[PDB]
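coords.txt, holding compact mmCIF, C-alpha atoms:
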```txt
# COMPACT_ATOMS: atom_id res chain seq x y z
CA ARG K 346 79.96 104.44 77.59
CA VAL K 347 79.34 103.92 81.30
CA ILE K 348 76.39 106.31 81.52
CA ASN K 349 74.54 104.77 78.57
CA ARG K 350 74.44 101.35 80.21
CA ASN K 351 73.65 102.71 83.66
CA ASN K 352 70.62 104.50 82.24
CA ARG K 353 69.55 101.41 80.30
CA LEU K 354 69.67 99.36 83.51
CA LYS K 355 67.70 102.04 85.32
CA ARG K 356 65.09 101.77 82.55
CA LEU K 357 65.03 97.97 82.59
CA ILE K 358 64.65 97.59 86.36
CA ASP K 359 61.26 99.32 86.51
CA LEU K 360 59.91 97.53 83.42
CA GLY K 361 60.00 94.13 85.12
CA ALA K 362 62.60 92.66 82.79
CA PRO K 363 63.35 88.93 82.90
CA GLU K 364 66.30 87.80 84.96
CA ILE K 365 68.65 86.74 82.17
CA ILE K 366 68.78 90.08 80.37
CA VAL K 367 69.26 92.16 83.53
CA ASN K 368 72.03 89.79 84.59
CA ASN K 369 73.71 90.28 81.22
CA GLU K 370 73.43 94.05 81.44
CA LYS K 371 74.79 94.11 84.99
CA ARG K 372 77.78 92.13 83.75
CA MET K 373 78.22 94.61 80.91
CA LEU K 374 78.07 97.60 83.27
CA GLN K 375 80.69 96.04 85.53
CA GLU K 376 82.98 95.50 82.54
CA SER K 377 82.43 99.10 81.44
CA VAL K 378 83.42 100.54 84.82
CA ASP K 379 86.45 98.24 84.92
CA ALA K 380 87.49 99.62 81.54
CA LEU K 381 86.98 103.13 82.90
CA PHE K 382 89.32 102.71 85.86
CA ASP K 383 92.00 100.83 83.93
CA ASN K 384 91.84 99.98 80.23
CA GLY K 385 93.56 96.87 78.96
CA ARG K 386 93.62 95.15 82.34
CA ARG K 387 91.58 92.18 81.08
CA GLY K 388 91.01 90.40 77.77
CA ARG K 389 90.66 92.43 74.60
CA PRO K 390 91.23 96.09 75.50
CA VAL K 391 88.76 98.72 74.37
CA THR K 392 90.14 100.48 71.31
CA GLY K 393 88.98 103.37 69.17
CA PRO K 394 89.03 103.51 65.39
CA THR H 102 83.77 95.94 92.46
CA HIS H 103 86.87 98.09 92.13
CA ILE H 104 89.09 96.61 89.44
CA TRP H 105 92.39 97.00 91.28
CA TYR H 106 91.51 94.98 94.35
CA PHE H 107 90.49 91.85 92.49
CA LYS H 108 92.65 91.72 89.34
CA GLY H 109 96.17 92.81 90.25
CA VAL H 110 98.01 89.71 91.46
CA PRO H 111 98.05 89.08 94.37
CA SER H 112 94.30 89.76 94.29
CA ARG H 113 93.71 91.07 97.80
CA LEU H 114 90.00 90.26 97.55
CA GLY H 115 90.88 86.61 97.01
CA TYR H 116 93.32 86.56 99.92
CA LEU H 117 90.72 88.19 102.15
CA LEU H 118 87.98 85.75 101.17
CA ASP H 119 90.11 82.62 100.57
CA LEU H 120 88.75 82.19 97.04
CA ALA H 121 90.55 81.14 93.90
CA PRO H 122 91.03 83.94 91.34
CA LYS H 123 89.15 81.88 88.77
CA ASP H 124 86.27 81.58 91.21
CA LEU H 125 86.22 85.33 91.81
CA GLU H 126 86.27 85.99 88.07
CA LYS H 127 83.34 83.63 87.62
CA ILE H 128 81.23 84.98 90.48
CA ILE H 129 81.83 88.62 89.60
CA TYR H 130 80.64 88.39 86.00
CA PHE H 131 77.46 86.45 86.90
CA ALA H 132 78.44 82.93 85.92
CA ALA H 133 77.81 81.07 89.19
CA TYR H 134 75.94 81.35 92.47
CA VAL H 135 77.52 81.48 95.92
CA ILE H 136 76.13 81.01 99.41
CA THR H 137 75.88 84.05 101.66
CA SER H 138 74.72 82.42 104.91
CA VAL H 139 73.30 79.17 106.25
CA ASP H 140 71.27 78.55 109.41
CA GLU H 141 73.37 75.58 110.43
CA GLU H 142 71.44 74.72 113.60
CA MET H 143 68.07 74.76 111.85
CA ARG H 144 69.19 72.40 109.09
CA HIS H 145 70.98 70.21 111.63
CA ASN H 146 67.76 69.79 113.60
CA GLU H 147 65.61 69.34 110.47
CA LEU H 148 67.97 66.78 108.91
CA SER H 149 65.95 63.86 110.29
CA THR H 150 62.62 65.00 108.86
CA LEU H 151 64.22 66.04 105.57
CA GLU H 152 65.82 62.61 105.28
CA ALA H 153 62.38 61.13 105.92
CA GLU H 154 60.89 63.23 103.11
CA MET H 155 63.72 62.34 100.73
CA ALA H 156 63.26 58.64 101.49
CA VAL H 157 59.51 58.97 100.92
CA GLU H 158 60.16 60.58 97.54
CA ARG H 159 62.70 57.89 96.64
CA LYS H 160 60.39 55.02 97.58
CA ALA H 161 57.51 56.66 95.71
CA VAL H 162 59.48 57.01 92.47
CA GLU H 163 60.91 53.51 92.89
CA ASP H 164 57.46 52.00 93.44
CA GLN H 165 56.03 53.80 90.42
CA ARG H 166 58.90 52.70 88.19
CA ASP H 167 58.77 49.10 89.41
CA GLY H 168 55.02 48.86 88.85
CA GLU H 169 55.27 50.39 85.39
CA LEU H 170 58.11 48.04 84.45
CA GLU H 171 56.16 45.04 85.76
CA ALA H 172 53.15 46.03 83.66
CA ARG H 173 55.38 46.46 80.61
CA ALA H 174 57.00 43.06 81.22
CA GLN H 175 53.58 41.42 81.49
CA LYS H 176 52.35 43.05 78.28
CA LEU H 177 55.59 42.10 76.51
CA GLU H 178 55.22 38.48 77.64
CA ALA H 179 51.62 38.52 76.40
CA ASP H 180 52.83 39.87 73.05
CA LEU H 181 55.46 37.12 72.81
CA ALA H 182 52.87 34.47 73.67
CA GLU H 183 50.62 35.87 70.95
CA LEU H 184 53.57 35.67 68.55
CA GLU H 185 53.98 32.02 69.53
CA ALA H 186 50.26 31.47 68.91
CA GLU H 187 50.37 33.20 65.50
CA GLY H 188 53.28 31.03 64.32
CA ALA H 189 55.38 33.92 63.03
CA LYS H 190 59.11 33.88 62.33
CA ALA H 191 61.28 32.96 65.30
CA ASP H 192 63.82 35.62 64.33
CA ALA H 193 61.05 38.24 64.23
CA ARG H 194 60.07 37.08 67.72
CA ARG H 195 63.67 37.60 68.84
CA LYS H 196 63.61 41.04 67.21
CA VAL H 197 60.51 41.89 69.25
CA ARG H 198 62.21 40.57 72.39
CA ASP H 199 65.34 42.62 71.72
CA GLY H 200 63.27 45.75 71.13
CA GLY H 201 61.36 45.19 74.35
CA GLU H 202 64.61 44.62 76.23
CA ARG H 203 65.97 47.87 74.78
CA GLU H 204 62.83 49.70 75.91
CA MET H 205 63.10 48.18 79.39
CA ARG H 206 66.78 49.04 79.74
CA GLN H 207 66.09 52.58 78.52
CA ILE H 208 63.27 53.13 81.01
CA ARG H 209 65.11 51.55 83.94
CA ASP H 210 68.17 53.68 83.20
CA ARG H 211 65.93 56.75 83.01
CA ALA H 212 64.65 55.99 86.50
CA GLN H 213 68.22 55.35 87.65
CA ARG H 214 69.31 58.74 86.33
CA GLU H 215 66.36 60.45 88.00
CA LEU H 216 67.15 58.86 91.36
CA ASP H 217 70.76 59.93 90.80
CA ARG H 218 69.56 63.51 90.48
CA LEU H 219 67.40 63.01 93.57
CA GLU H 220 70.29 61.77 95.69
CA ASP H 221 72.69 64.39 94.30
CA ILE H 222 70.33 67.10 95.53
CA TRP H 223 70.50 65.61 99.03
CA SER H 224 74.27 65.23 98.84
CA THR H 225 74.62 68.90 97.91
CA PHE H 226 72.29 70.01 100.70
CA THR H 227 73.96 67.89 103.38
CA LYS H 228 77.40 69.55 103.31
CA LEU H 229 76.38 73.12 102.48
CA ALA H 230 78.89 75.73 103.63
CA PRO H 231 79.39 79.43 102.89
CA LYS H 232 81.68 80.49 100.04
CA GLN H 233 80.73 77.49 97.90
CA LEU H 234 79.60 77.47 94.27
CA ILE H 235 76.83 75.87 92.22
CA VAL H 236 77.65 76.23 88.53
CA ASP H 237 74.72 74.12 87.29
CA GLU H 238 71.69 76.41 87.34
CA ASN H 239 69.23 73.50 87.32
CA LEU H 240 70.79 72.20 90.53
CA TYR H 241 70.63 75.66 92.10
CA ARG H 242 66.99 76.29 91.23
CA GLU H 243 66.09 72.85 92.54
CA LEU H 244 67.83 73.69 95.81
CA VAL H 245 65.90 76.96 95.84
CA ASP H 246 62.45 75.46 95.38
CA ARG H 247 63.30 72.79 97.94
CA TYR H 248 64.85 74.71 100.82
CA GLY H 249 64.77 78.45 100.17
CA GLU H 250 63.90 78.99 103.82
CA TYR H 251 67.02 76.99 104.75
CA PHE H 252 69.81 78.73 102.80
CA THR H 253 70.65 82.02 101.13
CA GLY H 254 72.20 82.10 97.68
CA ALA H 255 73.19 85.07 95.57
CA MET H 256 75.28 86.08 92.57
CA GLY H 257 77.49 89.02 91.72
CA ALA H 258 78.91 91.88 93.73
CA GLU H 259 75.90 91.90 96.05
CA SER H 260 77.07 88.52 97.35
CA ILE H 261 80.52 90.00 97.92
CA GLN H 262 79.02 92.85 99.92
CA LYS H 263 76.97 90.38 101.95
CA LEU H 264 80.07 88.31 102.68
CA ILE H 265 82.06 91.39 103.69
CA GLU H 266 79.43 92.72 106.08
CA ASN H 267 79.37 89.28 107.76
CA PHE H 268 83.12 89.28 108.44
CA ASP H 269 84.59 88.91 111.93
CA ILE H 270 88.12 90.10 111.22
CA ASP H 271 89.56 89.53 114.70
CA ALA H 272 88.46 85.89 114.97
CA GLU H 273 89.88 85.01 111.56
CA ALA H 274 93.11 86.86 112.32
CA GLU H 275 93.62 84.99 115.58
CA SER H 276 92.77 81.69 113.89
CA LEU H 277 95.47 82.45 111.33
CA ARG H 278 97.86 83.36 114.15
CA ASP H 279 97.36 80.05 115.94
CA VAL H 280 97.77 78.21 112.64
CA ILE H 281 101.07 80.08 112.35
CA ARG H 282 101.93 78.84 115.85
CA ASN H 283 102.06 75.27 114.56
CA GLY H 284 105.01 74.51 112.33
CA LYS H 285 103.17 73.17 109.29
CA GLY H 286 105.36 74.92 106.74
CA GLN H 287 103.22 74.49 103.63
CA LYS H 288 100.21 75.84 105.50
CA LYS H 289 102.44 78.30 107.35
CA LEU H 290 103.42 80.15 104.17
CA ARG H 291 99.79 80.53 103.11
CA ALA H 292 98.83 81.64 106.62
CA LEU H 293 101.60 84.25 106.61
CA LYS H 294 100.61 85.57 103.19
CA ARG H 295 96.95 85.91 104.14
CA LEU H 296 97.97 87.44 107.47
CA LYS H 297 100.01 90.08 105.66
CA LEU S 17 95.69 80.00 93.68
CA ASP S 18 97.12 82.18 90.88
CA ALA S 19 94.51 80.84 88.47
CA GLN S 20 93.54 82.39 85.15
CA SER S 21 91.09 81.66 82.36
CA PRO S 22 91.34 82.50 78.63
CA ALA S 23 88.12 84.55 78.71
CA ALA S 24 88.45 85.22 74.98
CA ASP S 25 84.68 84.83 74.52
CA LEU S 26 81.84 86.71 76.23
CA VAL S 27 78.99 86.68 73.72
CA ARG S 28 79.69 82.99 73.22
CA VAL S 29 79.30 82.68 77.00
CA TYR S 30 75.89 84.36 76.93
CA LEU S 31 74.68 82.25 74.01
CA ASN S 32 75.94 79.19 75.87
CA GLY S 33 73.84 80.37 78.79
CA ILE S 34 70.73 80.55 76.61
CA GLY S 35 71.59 77.92 73.99
CA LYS S 36 69.91 74.93 75.64
CA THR S 37 66.48 76.45 74.96
CA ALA S 38 64.44 74.68 72.30
CA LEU S 39 62.71 76.28 69.33
CA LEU S 40 58.97 76.85 68.96
CA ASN S 41 56.55 75.50 66.36
CA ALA S 42 54.60 77.56 63.83
CA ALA S 43 51.50 78.01 66.02
CA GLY S 44 53.26 77.80 69.38
CA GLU S 45 52.82 81.49 70.12
CA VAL S 46 49.03 81.41 70.53
CA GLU S 47 49.22 78.52 73.02
CA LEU S 48 50.82 80.92 75.50
CA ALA S 49 49.23 84.15 74.24
CA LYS S 50 45.83 82.77 75.25
CA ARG S 51 47.20 81.89 78.69
CA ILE S 52 48.71 85.33 79.28
CA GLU S 53 45.57 87.13 78.10
CA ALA S 54 43.41 84.97 80.37
CA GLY S 55 45.79 85.73 83.22
CA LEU S 56 45.56 89.46 82.53
CA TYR S 57 41.77 89.33 82.57
CA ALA S 58 41.87 87.21 85.73
CA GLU S 59 44.11 89.68 87.54
CA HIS S 60 41.95 92.59 86.40
CA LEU S 61 38.93 90.78 87.85
CA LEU S 62 40.85 90.11 91.07
CA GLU S 63 41.73 93.80 91.39
CA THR S 64 38.07 94.68 90.69
CA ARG S 65 35.97 91.83 92.16
CA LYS S 66 37.48 90.35 95.32
CA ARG S 67 36.55 87.99 98.17
CA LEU S 68 33.83 86.39 96.03
CA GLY S 69 34.97 82.78 96.33
CA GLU S 70 37.63 80.91 98.29
CA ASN S 71 38.09 78.31 95.54
CA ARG S 72 38.14 81.21 93.10
CA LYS S 73 41.15 82.61 94.97
CA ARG S 74 43.27 79.50 94.42
CA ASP S 75 41.98 79.13 90.84
CA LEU S 76 42.89 82.73 90.01
CA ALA S 77 46.30 82.39 91.66
CA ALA S 78 46.89 79.26 89.58
CA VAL S 79 45.91 80.95 86.33
CA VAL S 80 48.12 83.94 87.16
CA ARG S 81 51.01 81.53 87.75
CA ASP S 82 50.21 79.97 84.38
CA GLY S 83 50.31 83.40 82.74
CA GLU S 84 53.64 84.23 84.36
CA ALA S 85 55.14 80.91 83.23
CA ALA S 86 53.83 81.64 79.74
CA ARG S 87 55.50 85.07 79.79
CA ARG S 88 58.75 83.37 80.76
CA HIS S 89 58.26 80.41 78.39
CA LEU S 90 57.93 82.26 75.06
CA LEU S 91 61.03 84.48 75.27
CA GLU S 92 63.95 82.04 75.26
CA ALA S 93 63.74 80.81 71.66
CA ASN S 94 63.81 84.33 70.20
CA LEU S 95 67.36 85.07 71.35
CA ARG S 96 68.84 82.57 68.88
CA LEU S 97 67.35 84.75 66.13
CA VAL S 98 67.95 88.16 67.71
CA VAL S 99 71.66 87.30 67.70
CA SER S 100 71.43 86.55 63.98
CA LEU S 101 69.53 89.79 63.37
CA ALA S 102 72.24 91.72 65.22
CA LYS S 103 75.04 89.90 63.36
CA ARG S 104 73.73 91.40 60.11
CA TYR S 105 74.83 94.83 61.41
CA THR S 106 78.22 94.03 62.91
CA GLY S 107 81.57 95.62 62.15
CA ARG S 108 80.23 99.20 62.26
CA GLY S 109 82.44 100.07 65.24
CA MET S 110 79.85 99.03 67.85
CA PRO S 111 80.13 95.68 69.67
CA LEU S 112 77.37 93.18 68.95
CA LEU S 113 77.34 92.51 72.69
CA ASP S 114 75.98 96.04 72.89
CA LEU S 115 73.50 95.38 70.08
CA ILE S 116 71.97 92.37 71.81
CA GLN S 117 70.65 94.29 74.83
CA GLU S 118 68.68 96.81 72.78
CA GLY S 119 67.59 93.93 70.57
CA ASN S 120 66.07 92.30 73.64
CA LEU S 121 64.52 95.65 74.57
CA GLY S 122 62.80 95.75 71.19
CA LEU S 123 61.85 92.11 71.68
CA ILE S 124 59.96 92.78 74.91
CA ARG S 125 58.48 95.94 73.41
CA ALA S 126 57.03 93.93 70.52
CA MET S 127 55.94 90.99 72.67
CA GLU S 128 53.91 93.16 75.03
CA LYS S 129 51.99 94.52 72.01
CA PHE S 130 51.63 91.26 70.07
CA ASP S 131 47.91 91.17 69.22
CA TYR S 132 44.38 90.46 70.49
CA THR S 133 44.16 86.78 69.45
CA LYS S 134 44.51 88.02 65.85
CA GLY S 135 46.03 85.69 63.28
CA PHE S 136 49.62 86.67 62.49
CA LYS S 137 53.21 85.39 62.65
CA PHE S 138 55.29 85.97 65.77
CA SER S 139 58.78 85.89 64.24
CA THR S 140 58.28 88.47 61.50
CA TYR S 141 56.27 90.62 63.90
CA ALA S 142 59.20 90.61 66.32
CA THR S 143 61.69 91.39 63.55
CA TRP S 144 59.58 94.35 62.40
CA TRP S 145 60.40 96.01 65.74
CA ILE S 146 63.86 94.56 66.35
CA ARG S 147 65.41 95.89 63.16
CA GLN S 148 64.12 99.42 63.67
CA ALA S 149 65.10 99.42 67.35
CA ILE S 150 68.68 98.25 66.77
CA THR S 151 69.13 100.60 63.81
CA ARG S 152 67.83 103.49 65.90
CA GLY S 153 70.28 102.55 68.64
CA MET S 154 73.15 102.35 66.16
CA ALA S 155 72.23 105.76 64.76
CA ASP S 156 71.97 107.23 68.26
CA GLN S 157 75.76 107.18 68.60
CA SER S 158 75.91 109.78 65.81
```

Can you present the structure in this file as structure tokens?
Amino acid sequence: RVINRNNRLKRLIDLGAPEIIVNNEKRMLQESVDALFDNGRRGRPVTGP
Amino acid sequence: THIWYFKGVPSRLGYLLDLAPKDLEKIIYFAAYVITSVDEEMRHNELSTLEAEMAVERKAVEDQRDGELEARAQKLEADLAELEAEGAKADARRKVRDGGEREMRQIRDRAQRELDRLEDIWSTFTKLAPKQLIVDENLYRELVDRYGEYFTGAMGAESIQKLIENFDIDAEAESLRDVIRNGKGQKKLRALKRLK
Amino acid sequence: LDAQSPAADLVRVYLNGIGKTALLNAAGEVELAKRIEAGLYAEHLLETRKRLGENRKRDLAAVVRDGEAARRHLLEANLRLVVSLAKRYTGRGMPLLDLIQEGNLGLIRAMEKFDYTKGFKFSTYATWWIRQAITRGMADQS
């Protein structure tokens, strides 16, 4: 889950994306890493099926 | 940012930076801008000229609005005189007058709101300090296009890194120590906690 | 300060961030497509023919600024419909907050290949790409 979004950001940086979408994706990546280090620490925890 | 050092209460990042946990949550997830540095001496010297420019802008917008309103008042008076000449209904004349008054109040209040924005920009610029916030993005972009060469604003963990690399630990520690020297208990407890 | 926020919404936060943007009329796409195409031709000429005229320099800079503003000023309204397009494919175990980013990726991919002043409709043209992009992304987890 982390690596998908990191690669998407790497792809969006060099395509000259507008500021809003890259800001959103950076927020998403930060949330993903935070889930990686400790799940359930904030808001709705990530859960599998 | 590492999750542990900003979420687990007491959030040591907040204690280090003297920021409310809500503020840190906002700034981390890209919901507000914060100031990284300000060239205080440059803005202090340029305050006079910048005040001159702000006053010029204010008087320009005020003159334009006053002239436009005067023209509208003259045309409205001409319309009312024509209504008197045409011998129409007096109540219809009062309806026209009330509509014109509504238009005038609307336009004058629009100019008042715009000058409110204009002065709010100056008020925000005057007391700019590091570790502040600007939630309203319109306000922030206006500050950018006005004085980008006079302040530095950022958002997200990059701002946190910039703040950290501009930290003089020893000076802040000794300032906290001397605050501890005085007996102000309510401030003393906070000083002790941040010192810890 | 021991402060906390509910933080029960994130997508709502994003849509709040972009919700103040107005919608566009039926033929509002060409108004900016012409500007961006003229800007592209102007910048190609600048990279080919240079130092010809001092007034031409400021004119070409102005038209390039117009093209950039156009590129920024035709994207905002489409998010209010990309969210709806994504919502049609929710509940399949993948967060719609994930769907929206690839939806925007398809959006830019379609916008950059809109047309050459050819008569068409912007919204359906965008959807033609957005649906396939988001469905491809959803299938990619398999």

**OP:** Figure out the distance between CA of residue 363 in chain K and CA of residue 51 in chain S, please, to one decimal in Å.
**Re:** 18.1 Å

Original post:
When the cut-off is 8 Å and we count only C-alpha atoms, which residues of chain S are near chain H, given as a ChimeraX atom specification?
Top reply: /S:17-21

**OP:** In Å, rounded to a single decimal, give me how far CA of residue 106 in chain H is from CA of residue 255 in chain H.
**Re:**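 Between these atoms lies a distance of 20.9 Å.
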
Subject >> One-decimal distance in Å that lies between CA of residue 356 in chain K and CA of residue 90 in chain S >> reply: 22.1 Å

**OP:** Show which residues sit within 7 Å of range 370-385 of chain K, as a count of residues only. Count all atoms listed in the file, and ignore same-chain residues fewer than 6 positions away.
**Re:** 8

Original post:
Using only C-alpha atoms, which of the listed residues (H:157, H:182, H:256, H:240) sits closest to chain K?
Top reply: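 Between H:157, H:182, H:256, H:240, the residue approaching chain K most closely is H:256.
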
Subject >> Closest of K:359, K:367, K:348, K:386 to chain S - atom-to-atom distances counting only C-alpha atoms >> reply: K:367

Subject >> Shortest interatomic distance to chain S - which of K:361, K:355, K:368, K:388, counting all atoms listed in the file >> reply: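 Ranking K:361, K:355, K:368, K:388 by distance to chain S, first place goes to K:388.
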
**OP:** Tell me the residues of chain S close to chain K, meaning within 12 Å using only C-alpha atoms, as number ranges by chain.
**Re:** S: 20-27, 29-31, 33-34, 84-85, 87-92, 95, 107-111, 113-125, 128, 153, 156-157

Since the input is missing atoms, can you rebuild N, CA and C atoms for range 90-119 of chain S and write them as a PDB file, keeping the file's coordinate frame?
```
ATOM      1  N   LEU S  90      58.002  81.944  76.484  1.00  0.00           N
ATOM      2  CA  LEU S  90      57.930  82.260  75.060  1.00  0.00           C
ATOM      3  C   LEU S  90      59.023  83.232  74.642  1.00  0.00           C
ATOM      4  N   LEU S  91      59.973  83.514  75.529  1.00  0.00           N
ATOM      5  CA  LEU S  91      61.030  84.480  75.270  1.00  0.00           C
ATOM      6  C   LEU S  91      62.349  83.830  74.870  1.00  0.00           C
ATOM      7  N   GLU S  92      62.617  82.623  75.365  1.00  0.00           N
ATOM      8  CA  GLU S  92      63.950  82.040  75.260  1.00  0.00           C
ATOM      9  C   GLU S  92      64.336  81.741  73.812  1.00  0.00           C
ATOM     10  N   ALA S  93      63.391  81.249  73.011  1.00  0.00           N
ATOM     11  CA  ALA S  93      63.740  80.810  71.660  1.00  0.00           C
ATOM     12  C   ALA S  93      64.100  81.980  70.761  1.00  0.00           C
ATOM     13  N   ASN S  94      63.624  83.182  71.081  1.00  0.00           N
ATOM     14  CA  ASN S  94      63.810  84.330  70.200  1.00  0.00           C
ATOM     15  C   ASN S  94      65.221  84.899  70.260  1.00  0.00           C
ATOM     16  N   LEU S  95      66.009  84.539  71.270  1.00  0.00           N
ATOM     17  CA  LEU S  95      67.360  85.070  71.350  1.00  0.00           C
ATOM     18  C   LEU S  95      68.251  84.481  70.254  1.00  0.00           C
ATOM     19  N   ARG S  96      68.052  83.203  69.928  1.00  0.00           N
ATOM     20  CA  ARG S  96      68.840  82.570  68.880  1.00  0.00           C
ATOM     21  C   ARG S  96      68.637  83.238  67.528  1.00  0.00           C
ATOM     22  N   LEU S  97      67.549  83.984  67.354  1.00  0.00           N
ATOM     23  CA  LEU S  97      67.350  84.750  66.130  1.00  0.00           C
ATOM     24  C   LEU S  97      67.660  86.230  66.304  1.00  0.00           C
ATOM     25  N   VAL S  98      67.538  86.772  67.518  1.00  0.00           N
ATOM     26  CA  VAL S  98      67.950  88.160  67.710  1.00  0.00           C
ATOM     27  C   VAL S  98      69.459  88.287  67.553  1.00  0.00           C
ATOM     28  N   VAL S  99      70.217  87.255  67.930  1.00  0.00           N
ATOM     29  CA  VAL S  99      71.660  87.300  67.700  1.00  0.00           C
ATOM     30  C   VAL S  99      71.956  87.330  66.211  1.00  0.00           C
ATOM     31  N   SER S 100      71.228  86.537  65.424  1.00  0.00           N
ATOM     32  CA  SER S 100      71.430  86.550  63.980  1.00  0.00           C
ATOM     33  C   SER S 100      71.050  87.897  63.386  1.00  0.00           C
ATOM     34  N   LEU S 101      69.949  88.482  63.860  1.00  0.00           N
ATOM     35  CA  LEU S 101      69.530  89.790  63.370  1.00  0.00           C
ATOM     36  C   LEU S 101      70.590  90.845  63.673  1.00  0.00           C
ATOM     37  N   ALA S 102      71.168  90.798  64.876  1.00  0.00           N
ATOM     38  CA  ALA S 102      72.240  91.720  65.220  1.00  0.00           C
ATOM     39  C   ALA S 102      73.486  91.485  64.370  1.00  0.00           C
ATOM     40  N   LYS S 103      73.833  90.220  64.123  1.00  0.00           N
ATOM     41  CA  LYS S 103      75.040  89.900  63.360  1.00  0.00           C
ATOM     42  C   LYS S 103      75.011  90.489  61.960  1.00  0.00           C
ATOM     43  N   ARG S 104      73.825  90.777  61.423  1.00  0.00           N
ATOM     44  CA  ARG S 104      73.730  91.400  60.110  1.00  0.00           C
ATOM     45  C   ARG S 104      74.204  92.849  60.119  1.00  0.00           C
ATOM     46  N   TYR S 105      74.460  93.424  61.290  1.00  0.00           N
ATOM     47  CA  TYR S 105      74.830  94.830  61.410  1.00  0.00           C
ATOM     48  C   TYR S 105      76.080  94.977  62.264  1.00  0.00           C
ATOM     49  N   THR S 106      76.977  94.005  62.167  1.00  0.00           N
ATOM     50  CA  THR S 106      78.220  94.030  62.910  1.00  0.00           C
ATOM     51  C   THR S 106      79.301  94.761  62.122  1.00  0.00           C
ATOM     52  N   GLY S 107      80.421  95.016  62.792  1.00  0.00           N
ATOM     53  CA  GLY S 107      81.570  95.620  62.150  1.00  0.00           C
ATOM     54  C   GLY S 107      81.484  97.118  61.969  1.00  0.00           C
ATOM     55  N   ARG S 108      80.404  97.758  62.415  1.00  0.00           N
ATOM     56  CA  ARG S 108      80.230  99.200  62.260  1.00  0.00           C
ATOM     57  C   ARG S 108      80.785  99.965  63.459  1.00  0.00           C
ATOM     58  N   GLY S 109      81.801  99.414  64.120  1.00  0.00           N
ATOM     59  CA  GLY S 109      82.440 100.070  65.240  1.00  0.00           C
ATOM     60  C   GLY S 109      81.735  99.915  66.570  1.00  0.00           C
ATOM     61  N   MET S 110      80.603  99.215  66.615  1.00  0.00           N
ATOM     62  CA  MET S 110      79.850  99.030  67.850  1.00  0.00           C
ATOM     63  C   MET S 110      79.764  97.543  68.162  1.00  0.00           C
ATOM     64  N   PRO S 111      80.126  97.114  69.369  1.00  0.00           N
ATOM     65  CA  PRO S 111      80.130  95.680  69.670  1.00  0.00           C
ATOM     66  C   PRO S 111      78.737  95.085  69.593  1.00  0.00           C
ATOM     67  N   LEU S 112      78.649  93.884  69.016  1.00  0.00           N
ATOM     68  CA  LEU S 112      77.370  93.180  68.950  1.00  0.00           C
ATOM     69  C   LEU S 112      76.860  92.826  70.338  1.00  0.00           C
ATOM     70  N   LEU S 113      77.764  92.681  71.310  1.00  0.00           N
ATOM     71  CA  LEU S 113      77.340  92.510  72.690  1.00  0.00           C
ATOM     72  C   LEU S 113      76.574  93.729  73.180  1.00  0.00           C
ATOM     73  N   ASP S 114      76.839  94.900  72.602  1.00  0.00           N
ATOM     74  CA  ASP S 114      75.980  96.040  72.890  1.00  0.00           C
ATOM     75  C   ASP S 114      74.671  95.941  72.127  1.00  0.00           C
ATOM     76  N   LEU S 115      74.716  95.438  70.893  1.00  0.00           N
ATOM     77  CA  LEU S 115      73.500  95.380  70.080  1.00  0.00           C
ATOM     78  C   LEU S 115      72.463  94.464  70.710  1.00  0.00           C
ATOM     79  N   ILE S 116      72.909  93.392  71.361  1.00  0.00           N
ATOM     80  CA  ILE S 116      71.970  92.370  71.810  1.00  0.00           C
ATOM     81  C   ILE S 116      71.030  92.911  72.887  1.00  0.00           C
ATOM     82  N   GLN S 117      71.510  93.809  73.749  1.00  0.00           N
ATOM     83  CA  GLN S 117      70.650  94.290  74.830  1.00  0.00           C
ATOM     84  C   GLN S 117      69.500  95.134  74.297  1.00  0.00           C
ATOM     85  N   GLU S 118      69.777  96.064  73.381  1.00  0.00           N
ATOM     86  CA  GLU S 118      68.680  96.810  72.780  1.00  0.00           C
ATOM     87  C   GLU S 118      67.829  95.935  71.876  1.00  0.00           C
ATOM     88  N   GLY S 119      68.408  94.887  71.288  1.00  0.00           N
ATOM     89  CA  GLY S 119      67.590  93.930  70.570  1.00  0.00           C
ATOM     90  C   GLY S 119      66.571  93.267  71.482  1.00  0.00           C
TER      91      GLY S 119
END
```
